[PDB]
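Asks: I have a structure here, written as structure tokens, and I will follow up with some questions on it.
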Amino acid sequence: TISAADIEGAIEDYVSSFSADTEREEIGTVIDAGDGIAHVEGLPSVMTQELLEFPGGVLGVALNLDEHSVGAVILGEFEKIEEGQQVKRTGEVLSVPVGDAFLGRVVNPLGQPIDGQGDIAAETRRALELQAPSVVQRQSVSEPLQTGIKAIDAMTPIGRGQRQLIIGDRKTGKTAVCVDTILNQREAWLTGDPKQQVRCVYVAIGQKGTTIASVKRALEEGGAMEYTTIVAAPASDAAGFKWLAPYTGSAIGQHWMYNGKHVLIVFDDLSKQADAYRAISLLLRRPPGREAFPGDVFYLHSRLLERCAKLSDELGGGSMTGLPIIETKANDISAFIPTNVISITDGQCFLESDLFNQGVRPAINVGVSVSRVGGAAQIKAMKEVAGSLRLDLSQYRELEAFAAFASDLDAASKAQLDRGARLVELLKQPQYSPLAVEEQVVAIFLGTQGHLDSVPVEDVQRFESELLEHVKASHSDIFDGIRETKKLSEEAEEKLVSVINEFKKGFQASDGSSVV
Amino acid sequence: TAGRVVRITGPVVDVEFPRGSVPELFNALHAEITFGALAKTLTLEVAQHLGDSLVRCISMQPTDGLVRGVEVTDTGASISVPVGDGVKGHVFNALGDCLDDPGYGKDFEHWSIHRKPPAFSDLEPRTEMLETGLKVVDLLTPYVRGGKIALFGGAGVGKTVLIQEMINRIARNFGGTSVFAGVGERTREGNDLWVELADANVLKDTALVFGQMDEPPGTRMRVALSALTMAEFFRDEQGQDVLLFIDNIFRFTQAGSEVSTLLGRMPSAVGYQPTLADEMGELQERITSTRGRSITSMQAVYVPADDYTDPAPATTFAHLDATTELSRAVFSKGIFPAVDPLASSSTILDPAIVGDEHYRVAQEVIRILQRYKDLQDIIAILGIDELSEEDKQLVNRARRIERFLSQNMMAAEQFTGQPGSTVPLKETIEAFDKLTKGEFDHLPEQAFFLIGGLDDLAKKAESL
Amino acid sequence: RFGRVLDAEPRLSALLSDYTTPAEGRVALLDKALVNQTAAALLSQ
Amino acid sequence: XXXXXXXXXXXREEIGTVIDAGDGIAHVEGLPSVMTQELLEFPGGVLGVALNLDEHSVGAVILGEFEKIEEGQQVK
């Protein structure tokens with residue numbers, strides 16, 4: 001229950017702790033304001049990128065320091081600014097409060113709470129512009145970040161310290177894939193060891209408020225809100241917030257990373273940050289480069305993504321993994337911002353809308369997605385079982401494109417075409433259904449080892465879902481053997497084949513037929 | 001305390017104020033034009049502070065006849081518009097002055113058009129389907145309560161009839177009201193609409209806001225925010241559902257780009273304003289549902305050169321949840337309300353958000369209509385006698401499904417005298433499930449036109 | 001003291017902003033409105 | 001009080017002069033009371049439209065006989 005003692009004790013603590021330092025400080029005045037930027041006179045002592053504050057309870061970033069005046073960009077409700085207002089120094093370089101107290105909170109880019117739930121019990125502050133760890137401090141990515149999407153974990157494994165670009169079109173499931181990845185971590189978070197206990201940050205830039213709320217609900221319903229913090233810059237706020245929202249997201253992350261925690265960052269979506277920086281630059285009257293973007297958008301997205309790494313054991317074995325999302329204008333992957341971010345990240349999972357409308361979900365374009373870290377982060381069972389699948393599917397796609405109008409063909413083409421159709425049918429799965437890796441390996445074994453070669457294409461997704469629940473109810477030693485050793489030993493593989501055959505010998509086909 | 005006009009350049013006006021009295025930005029200022037043929041009271045909106053107490057403004061009316069050094073009186077608030085039940089059945093300009101009867105509504109409560117969207121804690125955490133009671137809408141392209149719907153079409157495609165339909169639907173089924181935002185509308189079409197809604201006698205429940213093309217781009221930009229501020233009052237204070245038409249949201253984008261150029265801000269990709277996505281976001285995010293009440297929106301959206309990559313439509317189609325396209329090829333068959341079942345689309349149409357049976361039946365009807373659409377060329381060139389029997393049995397169903405999407409809609413009651421129908425969702429998803437299975441194929445096509453519900457099909461079949 | 005009067009009187013201060021006007025009539029107004037003799041001399045300078 | 005009395009005590013049609021001309025445009029100084037789009041008449045019987053009104057001088061576009069405009073001409 002509640003008690004009066006806690007409320008009285010909190011007020012008495014505030015009262016007793018109240019004092020004023022009476023500190024001497026420079027006050028400036030606003031001499032110009034417009035459209036989310038303002039010029040300040042005075043402030044002889046202001047640092048570059050000092051966080052200013054304005055009388056409306058509004059902050060600003062001192063970007064340009066001229067001989068007579070300081071050009072400050074305004075963060076939040078610039079409507080409340082007018083000429084002749086006094087401005088004062090916060091005394092801090094551009095920084096956010098940070099700490100474990102952010103887990104389970106929704107905050108705006110400044111590290112103010114937006115959920116209305118309460119104040120934030122911050123541990124310390126971190127400057128946004130602290131340099132990424134140098135070439136000597138890093139280590140090789142060597143550790144799996146299990147996403148729970150069969151399409152991804154089979155062909156394009158994500159390792160801790162990778163940056164994996166989720167480039168796609170509008171309305172293709174990019175947000176659904178990232179929420180699925182954040183949900184999948186709950187099976188790890190319930191263990192106490194920091195080594196497995198991945199914790200997550202989702203930063204929303206320019207999303208609809210309903211879409212942010214829907215993500216907050218889907219993560220509450222999954223239990224992910226124990227360990228997720230949401231930086232929200234919804235489409236209604238000023239360009240300065242949409243510009244900071246990735247940086248503050250990374251700064252909340254880095255405080256845990258350098259402590260030797262594992263962190264996941266989702267940027268949703270990093271094109272709308274580029275558009276916000278285009279706004280702020282053109283209002284500053286800097287000249288545009290290509291596609292109206294200012295010359296330095298590369299130095300925006302690289303300065304951001306280079307923070308994500310795995311540290312060396314000498315610096316504490318922590319790591320941060322980035323999933324930047326990019327939206328592609330009608331699938332032109334040669335556009336400016338797509339190619340800039342593809343040049344930074346360690347690989348991409350291109351999601352193609354032409355497949356999504358056919359019901360291939362997730363719509364992973366297996367022919368263009370890659371992981372440039374590759375099998376170094378993939379558990380040896382998955383590496384052995386799935387490592388062929390990628391090229392076999394790509395050559396299935398070109399073969400299907402050829403054979404679509406071939407009246408008859410060789411038996412080797414027809415067998416490959418049927419295998420590839422069954423493997424594409426195998427890889428799809430429904431939304432919010434994260435599969436543990438001990439099940440993903442078996443689901444892909446069914447395909448690659450040809451145990452599906454009896455089954456008609458319309459039965460295959462049913463068959464795979466049922467068989468995983470069969471092996472979950474009885475013969476659990478398959479999944480225990482796989483998980484406890486990360487390898488599919490022969491003495492388990494024979495028991496698996498025996499369960500496969502025993503299931504096929506009892507399988508009623510959806511067409512009313514039966515097979516073996 | 002009053003200011004002086006110091007510089008004039010086209011629609012743009014700079015004013016100087018006494019040192020202590022500089023107005024807050026987005027305040028409305030008033031200025032006089034005294035010349036006999038052009039006598040006006042001229043409303044300025046504050047855009048920027050240039051230093052030296054100078055304020056950059058943009059005019060809501062033509063600046064012709066304005067003289068340097070005339071007095072400017074600050075109003076001390078943003079542009080404000082009247083709100084209340086007595087707004088319904090009147091026509092207003094963006095500035096809240098009535099066009100149907102001048103000086104009407106001065107006594108009403110006034111609200112600032114520039115106000116913030118809902119707080120994060122107040123948004124509804126899941127989308128709810130709007131059961132609008134139109135067969136084609138509910139089945140093929142379900143609407144989202146508090147969502148935004150894009151509309152495509154033109155003259156001779158029933159578009160004004162669909163507007164009168166949706167207004168009647170909101171007034172009768174949900175006890176709400178509608179607002180119509182003529183964002184840069186033709187003055188002829190605005191008068192044709194005003195007379196059409198008066199003759200239908202729906203105007204009694206609709207508030208009209210026109211920002212005519214005749215006036216400078218400050219007004220063609222602010223009109224959408226004015227209409228939205230009337231709708232926000234009806235949602236929050238009267239506690240009604242509200243349906244907000246916008247025609248046409250491309251002209252809101254364009255007007256914004258032109259104001260930005262007059263203010264001398266540097267233009268971005270293909271020449272839009274640099275604030276575009278926030279300029280639009282500060283409108284579209286404000287249309288939503290909170291505390292169990294909702295502002296639904298229909299938005300006509302022009303696409304320049306028909307490419308859905310241009311920043312104007314690429315920005316706009318980020319916000320909206322559904323897309324109704326009206327087709328002249330459907331209207332010319334006599335199928336009303338002429339919603340194209342293949343080109344229209346909706347994003348709520350998922351097995352997680354609507355029942356699995358609804359999704360299955362919508363996928364089957366789309367498949368059948370897509371097959372018929374692929375056969376129509378063979379039919380036109382070679383005739384039905386060139387078909388096999390297995391596909392001709394499909395076309396026999398497709399003809400009937402295409403007819404059965406038509407409804408005796410309430411807007412037609414003016415002419416037909418028969419009342420309009422409102423089918424429940426649980427009826428229409430049975431009726432199309434039966435109809436795709438062919439149980440009604442023994443009936444003629446005339447038995448399905450304008451029919452409404454399945455029991456009505458049973459009546460009309462026995463009448464014929 | 002004159003600074004106090006000019007800052008407290010915003011309309012007089014604005015009417016005193018005479019660089020675009022005929023300075024002679026401005027100085028005549030300021031001397032007729034405005035003591036220490038040398039202070040008023042600096043003000044007229 | 002005394003300040004208001006001093007201000008009230010401190011408180012024929014105007015002719016402007018051309019300060020600039022080129023390419024079909026002239027800038028006319030003065031004319032404190034000109035209105036936007038007033039017809040201006042120049043001394044050679046040519047006309048101008050007073051289309052822009054800066055802090056110092058009127059920007060007037062010239063209808064037709066532009067060659068007859070010189071700096072220091074009187075504008076009625």
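Please note that chains go A, B, ... in the order of the structure tokens, that every chain numbers its residues from 1, and that ligands are numbered from 1 in the order shown.
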Please check the contacts: residues of chain C at most 8 Å away from chain B, using only C-alpha atoms, listed as a ChimeraX atom specification.
Replies: /C:10-11,14
Asks: Export, as an mmCIF file, in the first residue's frame, the selected residues with N, CA and C atoms.
Replies:
data_model
loop_
_atom_site.group_PDB
_atom_site.id
_atom_site.type_symbol
_atom_site.label_atom_id
_atom_site.label_comp_id
_atom_site.auth_asym_id
_atom_site.auth_seq_id
_atom_site.Cartn_x
_atom_site.Cartn_y
_atom_site.Cartn_z
ATOM 1 N N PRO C 10 9.384 55.144 -24.388
ATOM 2 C CA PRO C 10 9.692 54.433 -25.627
ATOM 3 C C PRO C 10 9.276 55.215 -26.877
ATOM 4 N N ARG C 11 8.168 55.956 -26.820
ATOM 5 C CA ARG C 11 7.713 56.790 -27.926
ATOM 6 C C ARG C 11 8.655 57.974 -28.197
ATOM 7 N N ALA C 14 11.856 56.428 -29.701
ATOM 8 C CA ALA C 14 11.608 56.107 -31.107
ATOM 9 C C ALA C 14 11.588 57.365 -31.979
#
Asks: Report as a list in words all protein, DNA and RNA residues lying within 9 Å of stretch 182-197 of chain A, evaluated on only C-alpha atoms, omitting residues in the same chain fewer than 4 positions from it.
Replies: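 After dropping sequence-adjacent residues, the list is residues 145, 146, 147, 148, 177, 178, 201, 202, 218, 219, 222, 223, 224, 226, 227, 228, 260, 261, 262, 264, 266, 317, 318, 432, 433, 434, 435 and 436 of chain A.
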Asks: Residues near stretch 130-143 of chain B, anyone? I mean within 8 Å using only C-alpha atoms, not counting same-chain ones fewer than 2 positions away, as an MDAnalysis selection string.
Replies: chainID B and resid 128 145 147 149 169 321:324 339 341 344:346 348:349 358 362 366 405:407 409 421:425 428:429 452
Asks: Using C-alpha atoms, can you export the residues from the last selection as a tab-separated table (two decimals), in the first residue's frame?
Replies:
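What follows is the written file out.tsv:
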chain	number	residue	atom	x	y	z
B	128	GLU	CA	-10.05	0.51	-34.61
B	145	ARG	CA	-11.24	5.48	-37.11
B	147	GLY	CA	-7.12	7.67	-39.73
B	149	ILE	CA	-8.04	8.32	-46.29
B	169	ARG	CA	-23.20	8.40	-42.69
B	321	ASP	CA	-3.88	4.75	-43.89
B	322	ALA	CA	-6.31	4.06	-46.79
B	323	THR	CA	-6.72	4.89	-50.51
B	324	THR	CA	-10.05	5.03	-52.34
B	339	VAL	CA	-15.07	2.83	-55.93
B	341	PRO	CA	-12.09	-2.44	-56.07
B	344	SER	CA	-8.14	1.23	-54.15
B	345	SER	CA	-6.19	-0.17	-51.17
B	346	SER	CA	-6.13	-0.12	-47.36
B	348	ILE	CA	-5.79	-2.05	-41.91
B	349	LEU	CA	-6.76	-5.08	-44.09
B	358	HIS	CA	-12.84	-11.00	-43.55
B	362	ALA	CA	-11.40	-9.85	-49.38
B	366	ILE	CA	-9.80	-9.39	-55.28
B	405	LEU	CA	-20.40	-3.99	-54.68
B	406	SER	CA	-23.00	-1.33	-55.65
B	407	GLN	CA	-25.29	0.17	-52.98
B	409	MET	CA	-26.48	5.01	-50.86
B	421	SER	CA	-29.14	1.08	-46.60
B	422	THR	CA	-26.52	0.44	-43.89
B	423	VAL	CA	-25.30	-3.17	-44.00
B	424	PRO	CA	-23.61	-4.57	-40.85
B	425	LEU	CA	-20.05	-5.90	-41.41
B	428	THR	CA	-21.47	-8.23	-45.88
B	429	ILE	CA	-18.67	-10.75	-45.12
B	452	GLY	CA	-27.96	-2.95	-50.47
Asks: Kindly assemble as a Markdown table a list of the chain B residues that lie within 9 Å of chain D, each paired with its nearest atom pair and their distance in Å to one decimal, using only C-alpha atoms, sorted first by chain and then by ascending residue number.
Replies:
| residue | atom | partner | partner_atom | distance |
| --- | --- | --- | --- | --- |
| B:6 | CA | D:55 | CA | 6.1 |
| B:7 | CA | D:54 | CA | 5.1 |
| B:8 | CA | D:53 | CA | 5.2 |
| B:9 | CA | D:52 | CA | 5.2 |
| B:10 | CA | D:52 | CA | 7.2 |
| B:63 | CA | D:36 | CA | 7.4 |
| B:64 | CA | D:36 | CA | 5.5 |
| B:65 | CA | D:35 | CA | 5.3 |
| B:66 | CA | D:35 | CA | 5.4 |
| B:67 | CA | D:35 | CA | 4.2 |
| B:68 | CA | D:33 | CA | 6.3 |
| B:69 | CA | D:33 | CA | 7.8 |
Asks: Using only C-alpha atoms, find each residue in stretch 309-391 of chain A having at least one atom no more than 8 Å away from stretch 439-442 of chain A; report its shortest atom-to-atom pair and that distance in Å (one decimal), rows by chain then rising number, as CSV.
Replies:
residue,atom,partner,partner_atom,distance
A:381,CA,A:441,CA,6.9
A:382,CA,A:441,CA,5.5
A:385,CA,A:441,CA,7.0
A:386,CA,A:441,CA,7.7
Asks: Quick one: pick out all alpha helix (DSSP H) residues within stretch 226-365 of chain B from a backbone DSSP run and write them as a PyMOL selection string.
Replies: chain B and resi 226-236+249-262+276-284+311-319+328-331+356-365
Asks: Could you tell me which of D:30, D:43, D:22, D:48 comes closest to residue D:73 if we count only C-alpha atoms?
Replies: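 Looking at the shortest contact to residue D:73, the residue is D:43.
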Asks: Please indicate the distance in Å from atom CA of residue A:74 to atom CA of residue A:238, rounded to one decimal place.
Replies: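 It comes out at 8.3 Å.
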Asks: Identify, on the basis of only C-alpha atoms, every residue whose closest approach to residue D:62 does not exceed 9 Å; exclude the query and any residue fewer than 6 positions from it along the same chain; express the result as a ChimeraX atom specification.
Replies: /D:24-26,46-50
Asks: Can you spit out the residues from that selection as a short mmCIF file (atom, residue, chain, number, x, y, z; two decimals), in the first residue's frame, using N, CA and C atoms?
Replies:
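out38.cif, written as the output of this step:
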data_model
loop_
_atom_site.label_atom_id
_atom_site.label_comp_id
_atom_site.auth_asym_id
_atom_site.auth_seq_id
_atom_site.Cartn_x
_atom_site.Cartn_y
_atom_site.Cartn_z
N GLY D 24 15.00 48.87 -67.65
CA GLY D 24 13.55 49.02 -67.53
C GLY D 24 13.03 49.35 -66.14
N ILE D 25 13.90 49.39 -65.13
CA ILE D 25 13.56 49.72 -63.75
C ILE D 25 14.19 51.05 -63.38
N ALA D 26 13.48 51.85 -62.58
CA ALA D 26 14.02 53.02 -61.91
C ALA D 26 13.76 52.96 -60.41
N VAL D 46 6.72 59.54 -69.72
CA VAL D 46 6.70 58.09 -69.47
C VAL D 46 6.16 57.78 -68.08
N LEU D 47 5.59 56.60 -67.89
CA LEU D 47 4.92 56.19 -66.65
C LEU D 47 5.61 55.02 -65.96
N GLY D 48 5.42 54.91 -64.65
CA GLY D 48 5.94 53.82 -63.84
C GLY D 48 4.99 53.41 -62.73
N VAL D 49 5.17 52.21 -62.20
CA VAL D 49 4.12 51.55 -61.40
C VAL D 49 4.42 51.46 -59.91
N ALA D 50 5.60 51.87 -59.45
CA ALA D 50 5.90 51.91 -58.01
C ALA D 50 5.63 50.58 -57.27
#
Asks: Can you build me a table of chain A residues sitting at most 8 Å from chain B, with the closest atom pair per residue and its distance in Å to one decimal, using only C-alpha atoms, sorted by chain and residue number, as JSON lines?
Replies:
{"residue": "A:31", "atom": "CA", "partner": "B:51", "partner_atom": "CA", "distance": 5.4}
{"residue": "A:32", "atom": "CA", "partner": "B:51", "partner_atom": "CA", "distance": 5.0}
{"residue": "A:33", "atom": "CA", "partner": "B:49", "partner_atom": "CA", "distance": 5.3}
{"residue": "A:34", "atom": "CA", "partner": "B:48", "partner_atom": "CA", "distance": 4.7}
{"residue": "A:35", "atom": "CA", "partner": "B:48", "partner_atom": "CA", "distance": 7.1}
{"residue": "A:79", "atom": "CA", "partner": "B:25", "partner_atom": "CA", "distance": 6.6}
{"residue": "A:80", "atom": "CA", "partner": "B:24", "partner_atom": "CA", "distance": 7.7}
{"residue": "A:81", "atom": "CA", "partner": "B:24", "partner_atom": "CA", "distance": 7.5}
{"residue": "A:82", "atom": "CA", "partner": "B:24", "partner_atom": "CA", "distance": 5.8}
{"residue": "A:83", "atom": "CA", "partner": "B:49", "partner_atom": "CA", "distance": 6.7}
{"residue": "A:114", "atom": "CA", "partner": "B:120", "partner_atom": "CA", "distance": 6.7}
{"residue": "A:115", "atom": "CA", "partner": "B:121", "partner_atom": "CA", "distance": 5.7}
{"residue": "A:116", "atom": "CA", "partner": "B:121", "partner_atom": "CA", "distance": 6.6}
{"residue": "A:170", "atom": "CA", "partner": "B:318", "partner_atom": "CA", "distance": 7.7}
{"residue": "A:208", "atom": "CA", "partner": "B:285", "partner_atom": "CA", "distance": 6.6}
{"residue": "A:209", "atom": "CA", "partner": "B:285", "partner_atom": "CA", "distance": 7.0}
{"residue": "A:210", "atom": "CA", "partner": "B:123", "partner_atom": "CA", "distance": 6.7}
{"residue": "A:213", "atom": "CA", "partner": "B:125", "partner_atom": "CA", "distance": 5.3}
{"residue": "A:214", "atom": "CA", "partner": "B:125", "partner_atom": "CA", "distance": 5.4}
{"residue": "A:217", "atom": "CA", "partner": "B:125", "partner_atom": "CA", "distance": 6.4}
{"residue": "A:235", "atom": "CA", "partner": "B:281", "partner_atom": "CA", "distance": 5.1}
{"residue": "A:236", "atom": "CA", "partner": "B:282", "partner_atom": "CA", "distance": 4.7}
{"residue": "A:237", "atom": "CA", "partner": "B:278", "partner_atom": "CA", "distance": 7.1}
{"residue": "A:238", "atom": "CA", "partner": "B:278", "partner_atom": "CA", "distance": 6.9}
{"residue": "A:239", "atom": "CA", "partner": "B:278", "partner_atom": "CA", "distance": 7.0}
{"residue": "A:276", "atom": "CA", "partner": "B:275", "partner_atom": "CA", "distance": 8.0}
{"residue": "A:278", "atom": "CA", "partner": "B:274", "partner_atom": "CA", "distance": 7.2}
{"residue": "A:279", "atom": "CA", "partner": "B:274", "partner_atom": "CA", "distance": 4.9}
{"residue": "A:282", "atom": "CA", "partner": "B:266", "partner_atom": "CA", "distance": 5.9}
{"residue": "A:283", "atom": "CA", "partner": "B:265", "partner_atom": "CA", "distance": 6.5}
{"residue": "A:285", "atom": "CA", "partner": "B:266", "partner_atom": "CA", "distance": 6.7}
{"residue": "A:291", "atom": "CA", "partner": "B:269", "partner_atom": "CA", "distance": 6.1}
{"residue": "A:292", "atom": "CA", "partner": "B:269", "partner_atom": "CA", "distance": 5.4}
{"residue": "A:329", "atom": "CA", "partner": "B:309", "partner_atom": "CA", "distance": 5.5}
{"residue": "A:330", "atom": "CA", "partner": "B:309", "partner_atom": "CA", "distance": 6.7}
Asks: Give me, as a list in words, all polymer residues having an atom no more than 7 Å from stretch 32-37 of chain C, counting only C-alpha atoms and skipping those fewer than 3 positions away in the same chain.
Replies: residues 28, 29, 40 and 41 of chain C; 3 and 6 of chain D
Asks: So that I have them on file, write out the residues from the current selection with N, CA and C atoms, as a short mmCIF file (atom, residue, chain, number, x, y, z; two decimals), in the first residue's frame.
Replies:
data_model
loop_
_atom_site.label_atom_id
_atom_site.label_comp_id
_atom_site.auth_asym_id
_atom_site.auth_seq_id
_atom_site.Cartn_x
_atom_site.Cartn_y
_atom_site.Cartn_z
N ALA C 28 16.60 70.40 -32.34
CA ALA C 28 15.75 71.45 -31.80
C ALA C 28 14.67 70.89 -30.86
N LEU C 29 14.03 69.77 -31.23
CA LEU C 29 13.09 69.09 -30.36
C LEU C 29 13.76 68.56 -29.09
N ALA C 40 23.92 68.03 -21.19
CA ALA C 40 23.00 68.37 -22.27
C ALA C 40 23.76 68.73 -23.56
N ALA C 41 24.96 69.29 -23.44
CA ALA C 41 25.82 69.53 -24.59
C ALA C 41 26.26 68.22 -25.25
N UNK D 3 7.00 65.50 -21.74
CA UNK D 3 7.42 64.77 -22.93
C UNK D 3 6.33 64.70 -24.02
N UNK D 6 6.11 68.21 -25.52
CA UNK D 6 7.27 68.39 -26.39
C UNK D 6 7.10 67.65 -27.73
#
Asks: If we count only C-alpha atoms and set the cut-off at 9 Å, which residues sit around stretch 95-102 of chain A, ignoring sequence neighbours fewer than 3 positions away in its own chain? Please answer as a VMD selection string.
Replies: chain A and resid 50 to 51 92 105 to 107 109 to 112 120 to 129 227 to 230 248 251 to 253 255 to 256
Asks: So how many Å separate atom CA of residue A:474 and atom CA of residue A:445, to one decimal?
Replies: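 Result for atom CA of residue A:474 versus atom CA of residue A:445: 18.3 Å, one decimal.
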Asks: Measuring between only C-alpha atoms, which one of C:24, C:4, C:42, C:30 shows the shortest distance to chain D?
Replies: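 For chain D, the nearest of the given residues is C:30.
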Asks: Excluding residue A:364 and residues on its chain fewer than 5 positions from it, collect all residues at most 9 Å away from it, counting only C-alpha atoms, and give them as a list in words.
Replies: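 Everything that qualifies: residues 151, 152, 349, 350, 351, 352, 355, 356 and 369 of chain A.
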Asks: Save out the residues we just selected, C-alpha atoms, as a PDB file, in the first residue's frame.
Replies:
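Everything below was put into out16.pdb:
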ATOM      1  CA  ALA A 151      15.189 -15.345 -43.446  1.00  0.00           C
ATOM      2  CA  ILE A 152      17.775 -13.145 -41.638  1.00  0.00           C
ATOM      3  CA  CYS A 349      18.729  -6.624 -45.753  1.00  0.00           C
ATOM      4  CA  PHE A 350      16.921  -5.067 -48.734  1.00  0.00           C
ATOM      5  CA  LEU A 351      13.117  -5.575 -48.327  1.00  0.00           C
ATOM      6  CA  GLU A 352      11.372  -5.622 -51.744  1.00  0.00           C
ATOM      7  CA  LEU A 355       7.443  -9.630 -52.934  1.00  0.00           C
ATOM      8  CA  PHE A 356       5.621  -8.260 -49.832  1.00  0.00           C
ATOM      9  CA  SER A 369      20.924  -8.547 -49.071  1.00  0.00           C
TER      10      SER A 369
END
Asks: Report as a PyMOL selection string: the residues of chain D with a DSSP assignment of strand (DSSP E), based on the backbone of this structure.
Replies: chain D and resi 16-22+25-29+40-41+47-48+52-53+57-63+74-75
